[PDB]
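Only one chain is included here, represented as structure tokens and corresponding to the form deposited in one PDB entry.
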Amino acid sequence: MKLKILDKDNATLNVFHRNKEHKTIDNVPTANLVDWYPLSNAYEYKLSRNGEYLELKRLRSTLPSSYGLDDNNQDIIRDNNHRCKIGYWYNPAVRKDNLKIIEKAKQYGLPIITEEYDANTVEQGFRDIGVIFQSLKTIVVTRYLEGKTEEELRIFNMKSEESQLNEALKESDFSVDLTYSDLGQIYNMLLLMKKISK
């Protein structure tokens, strides 16, 4: 799945179909992406057997479930409220979860794709999400260091800041996982906004 934003109003979408074949759909509207485009890094669209629909596929990932698809179950995949009819550009499941993500971003002081924005405000949003990532990387090691409070902290502390951050992240709680999932989807949103506002 590759969405190319051609200008503020127009995109094309290239998706796998079957065998070695991909299909490119032109005249893809940028206006409504929130209603169709999955923000989750654990999913992407493929072209449906008959070419009318874009259908979700779960990638191999430890990220949380979204859109009511835990893994690839064609009851849900083929179902109308879980896919996007091409040219209609509406996927209720995707829209529903996207909207939670949007509200979260609004709560963090980030600009959102459903309200007005321009290049400057998106750029400021990337500034702010970078700040969130950094603070987060501080908290992750803080929490790991408590756990895991053994006097062998000296061993951990024999590493560089990066190796420490890496080991803490590797070993972290599911809660932390949820924070990074959320932030990844918000990042995807801000990027769609950046591209539309170029």
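Residue numbers run from 1 along the displayed sequence. Think of the rigid core as the biggest set of C-alphas that the two forms share within 1.5 Å after superposition.
If you average the C-alpha B-factors over 184 to 192 and over 19 to 27, the higher value belongs to 19 to 27. Remark: stretch with higher mean C-alpha B factor among 135 to 143 and 33 to 41 is 135 to 143. Ranking 91, 114, 73, 98 by the C-alpha B-factor listed in the PDB entry places 73 at the top. Sorting 129, 63, 59, 158 by the CA temperature factor given in the entry leaves 158 at the top. Per the deposited record, the Cα B-factor of residue 77 falls in the highest third when ranked against the other modelled residues of its chain.
Although not depicted, the form deposited in another entry is the subject of the following passage.
With the core held fixed by superposition, the comparison between the shown form and the other one singles out 147 as the only member of 147, 29, 64, 51 whose CA moves by at least 2 angstroms. Residue 132 is not among the residues whose C-alpha shifts by 2 Å or more between the shown form and the other one once the rigid core is aligned; its shift stays under 2 Å.
CA of residue 181 to CA of residue 149: farther apart by 3 Å or more in the other form than in the shown form.
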